[PDB]
Amino acid sequence: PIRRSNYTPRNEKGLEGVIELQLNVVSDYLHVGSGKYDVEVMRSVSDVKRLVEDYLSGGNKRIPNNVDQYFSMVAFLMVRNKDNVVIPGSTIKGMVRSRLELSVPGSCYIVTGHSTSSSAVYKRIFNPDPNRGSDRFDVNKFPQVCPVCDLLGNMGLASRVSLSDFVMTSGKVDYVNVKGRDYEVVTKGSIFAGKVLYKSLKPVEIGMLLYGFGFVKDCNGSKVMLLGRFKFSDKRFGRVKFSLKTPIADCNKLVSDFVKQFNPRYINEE
Amino acid sequence: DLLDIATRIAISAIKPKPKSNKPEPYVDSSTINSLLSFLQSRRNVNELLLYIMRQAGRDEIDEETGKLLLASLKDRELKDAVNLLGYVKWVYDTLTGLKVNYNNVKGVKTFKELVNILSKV
Amino acid sequence: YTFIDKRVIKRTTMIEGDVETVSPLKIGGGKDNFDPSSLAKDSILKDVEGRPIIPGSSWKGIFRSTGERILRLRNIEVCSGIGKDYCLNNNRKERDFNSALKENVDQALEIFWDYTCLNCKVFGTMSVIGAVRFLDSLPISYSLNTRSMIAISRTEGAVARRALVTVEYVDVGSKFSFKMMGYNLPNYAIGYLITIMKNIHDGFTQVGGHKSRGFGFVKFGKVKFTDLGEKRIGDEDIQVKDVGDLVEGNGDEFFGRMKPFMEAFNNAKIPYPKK
Amino acid sequence: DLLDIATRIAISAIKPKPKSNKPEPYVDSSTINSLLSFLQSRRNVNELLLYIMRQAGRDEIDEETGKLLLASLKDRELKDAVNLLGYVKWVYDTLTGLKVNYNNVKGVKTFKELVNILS
Amino acid sequence: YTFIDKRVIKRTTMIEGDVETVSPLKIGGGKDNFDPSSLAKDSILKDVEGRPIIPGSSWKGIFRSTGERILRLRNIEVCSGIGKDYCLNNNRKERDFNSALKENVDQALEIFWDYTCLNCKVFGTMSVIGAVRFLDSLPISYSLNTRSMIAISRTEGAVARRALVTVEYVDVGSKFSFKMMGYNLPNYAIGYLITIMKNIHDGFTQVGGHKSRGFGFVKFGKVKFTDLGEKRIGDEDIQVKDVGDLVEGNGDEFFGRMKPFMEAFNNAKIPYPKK
Amino acid sequence: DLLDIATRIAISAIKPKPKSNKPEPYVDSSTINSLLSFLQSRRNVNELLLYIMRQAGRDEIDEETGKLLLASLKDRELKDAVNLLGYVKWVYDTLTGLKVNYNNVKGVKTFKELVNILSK
């Protein structure tokens, strides 16, 4: 069921700080799309001075030009900032919210909608609960919300938390020709780093965030998490693990408190 | 000025694609948005020219539309080219939404003429 | 008492800085119209020339909220400076202040010094102008990029979609022009502002929409500090060793040089709220 | 003079939106304000016509209202255009506030006819 | 003397020029009278033709406020000018001037000369007319643009949207014709006016409605200064270097040209008020 | 006469404002002065009627009050319009300053009846 607890005001002072995570892909095949299906022109050859567009392409149209100038064929482009592959912060927040909703017993699903597609792998790996409804609002009418909604956010209620994107410090970008078309993925050792910060949080909330970020019980190591384009219809795609790069804060006691207070349903990822 | 060029390019980019029984314009209505996004992101004109040449090679821009775009963008600044691409996008969206027929408006090189065509009907 | 009295400007402090977007930035353009040649339907606020300026109102609000958080951390009572909730109304001294406005000015000054908070006496409150003025920001190397979000159902249909929502933002690497102007500021107050600047620069507080998704992480590069006028203002302010009238440098060096101001603000008791 | 054109344009624009679960106008006041602001800022009549065409193509302005706007702003000066847009905005506000029904006001050609109806 | 005597016009000065808005200027006006020319929503004191003229009354108020600030900085006894007078009613010698109005006109002249502040003589206080006269500003390349501050933000709590507000300003880059005239103005008074204008130009003083949010900032790009008449008015005047009669140019070089006037005004022992 | 129309419209406009914390007229004197100023500035009847209709749509003007104003000013010259507006403003000012109760003036249709009521 849903635990309709009263929300915590954001102005109230709890704990404020920035924790730096370290996202690593274990299955050397991770793709998060951006809706783009064009080239990325990586080399960016500026050798049009001597020949500008081949004199307006004066009836030749016979040079490979763009094909050989750069090294990006037509594929599904991954979102990147200034030629730095980045995992969207919204994607990370959605993954964390899904994990928290499926794990915390007294949680409430945020968005349900209607069922337009079926993924039996998802329905079997994670226990479905179509009965559970959704949080309503944060106005004076129904101000009490589910603990996950209070922590992360809700419509009109902000987030005591903010999840940054994840740039890569080292890795290789590769293209894979699957389902006929071509994609863009990362390789083994492709390591991502990001800074998620918490403002005005109780320690139990910190434990909840740590549990959501893969660290089910162990502070010095997380579980494997599904994330990316293909993570159900494939075995080698969508397997990532989190790790703390600056474990400067006591964490094991916090995780123990969270699991001793909420008793979250531990789950395994295929 | 730039408005006239935009109408000529869009009207050239709305002609139906050949060898396809489906009545679709030769441009997939996302190429224009891709061009605008690429120009904004790169903030460069030569890179935009190369992107346009690649798209023309990939059988998404006809010879006439490609020639018009290259002619208009060879000697263009940054902000002026941005304005031109925005006008092109707006005109293309108008033509697509209005479901106008390329036969009805074919030899129109004046934005005023296009306005008259869209109004008098 | 020169802090409140606006008749004479005994000092003038001006901060010119550059704002570099570490994370993508999206300042809401009103989500009601897309007049210029934008990218997505939810256009950001831009000039008629396409320049995506940052409103001074956003800077003022961000600074006010960060200061509220800082003072709440320091267990210092502070007004909200919004709606019908300011400590002039909270202390029920508004009528007395209004009477003193027509009456002798010294009584009004005494009221506004004793029964008042700090944030709504610095940024200003109802019928009182703030000491600090925030200007807008004009981008230098502005770059526009867009992306889209998708709503995923939770086991109701697993993968699902109701409306393909896309957003338009400012790409990472854009550089703006940040100018903050202040009149008659106690030295400690200048520090408190520098502490707010430090919190913003370190990323503890973001700017613009989509804060939870990582939009608004900024950084200050070449930032210039100018101080002209009397150094120490008000007897209650603790004397600060002079660092000069021009402190120009990168963000780290600038904060290191401003460290005396922050230390003075930390080591200073503010009797502004009534005990 | 300009009032009759403005009333015709507003009446054409206020007709009910099809496939709408609520009795709402086919175009909202937000579009009118956007048009006026666009004219005030850009200050280019051709750009205003392009914006009107784009809004019509975006299924925000029905084709008849778009045609009326294009005909009435085909070759107008800036001051006349802003005056007409302001008249249109005011008439739309009047119609929205009075909650008039398009089915009993469609046959209006002049401002005096609208005045007679509102009596 | 000649400064207060308006019977003889021995000197006429005309400062005419264009004013460019480098900030989203909004002068407001008519907030309780929403009867515009059917343009946007909020009246900004524009003529029936739709042109947002900058009121002369605002220009004066700005000039008087800036001059009061400057004089109080320079330790000059200057009061307000709203519900009182410089000395006069503020002073014990109020009815003495009224009595001397009837007979002994020279005695009344003397009373005014020794019992008034500088702004009294340059702007007029009661039953007197100031030596200077401002005019309205006609927009040349004006452009209107709206902005909405409907955002109530987090409100230091849960609610992110409670109220709504929008404003209409004048977009940047607009040009207004600025003209002001002065009668029997001594050299030091002209230098003081130039100092006020330079303070406005630099940005230390702002004109508009949302000054705290950085809305009013204007600069001069081309201003002509024509002097007709005598070179010095009173015995207290400083003999300035003869700069001619027609002074013009860009704003920076214009203010660089008026350096003798400001220098003379600063290096001028101001006799009145005697007190 | 014009005065009868002015009295009738002022009576219609002095109706109590529904859903108000305090008993106040549904129409404020600021609106009347704005009407006068708008007519003087614009110097035409058409956009004056447009402004009246816009105000009526944006509350602050009774529907019957707006209907009466529109019927009165449907076809009137500029001088007649300004005379009527001045009479209306003066009558409304008299009613407001006298704090006359609405329920005692619900039946007056002329100016003489209102004068007699005020005198008695």
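Should a chain be cited, it is by its letter among A, B, C, D, E and F, assigned in written order, with residues numbered from 1 in that chain.
Keep in mind that, in the parts below, a contact is a pair of C-beta atoms (placed from the backbone, for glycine too) under 8 Å apart; a residue touches a chain by one contact, two chains touch by 3 or more.
Novice: Shared touching chains for chain E and chain F?
Specialist: Joint contacts, listed by label: D.
Novice: So the centre of each chain is just the mean of its C-alpha atoms; given that, what is the distance between chain C and chain F in Å?
Specialist: 48
Novice: Can you check how far apart chain B and chain E are, centre to centre, with Cα atoms defining each centre and the answer in Å?
Specialist: Centre separation, chain B to chain E: 53 Å.
Novice: Can you check how far apart chain B and chain C are, centre to centre, with Cα atoms defining each centre and the answer in Å?
Specialist: Using C-alpha averages as centres, the distance is 44 Å.
Novice: Which integer distance in Å separates the CA centroid of chain D from that of chain F?
Specialist: Comparing mean C-alpha positions, chain F is 30 Å from chain D.
Novice: Going by the contact rule already set, what residues in chain E reach two or more other chains?
Specialist: 143, 145, 154, 156, 171
Novice: Residues of chain B that touch two or more other chains: which are they?
Specialist: Expected reply: 87, 90.
Novice: Which residue numbers or ranges of chain A touch two or more of the other chains?
Specialist: 11, 158
Novice: Looking at the whole structure, which two-chain pairs count as touching?
Specialist: A-B, A-C, A-E, B-C, B-D, C-D, C-E, D-E, D-F, E-F
Novice: Which chain F residues qualify as touching chain E in the complex?
Specialist: The contact residues of chain F facing chain E are 30, 34, 37-38, 41-42, 51.
Novice: Once bound in the complex, which stretches of chain E touch chain A?
Specialist: Residues in contact with chain A: 154, 156-161.
Novice: Would you mind writing out the residues of chain A in touch with chain C in their complex?
Specialist: Residues in contact with chain C: 11, 13, 16, 18, 34-35, 79, 81-82, 88-90, 93-94, 98, 101-102, 109-119, 122-123, 126-130, 152-153, 158-159, 161-165, 195, 197, 199-200.
Novice: Considering only the defined contacts, which chain F positions touch chain D in the complex?
Specialist: Against chain D, chain F makes touches at 46-47, 49-51, 53-54, 56-59, 66-67, 70-71, 74.
Novice: Can you list the residues on chain E that touch chain D in the complex?
Specialist: Counting only chain E, the residues touching chain D are 36-40, 49-50, 143-146, 171.
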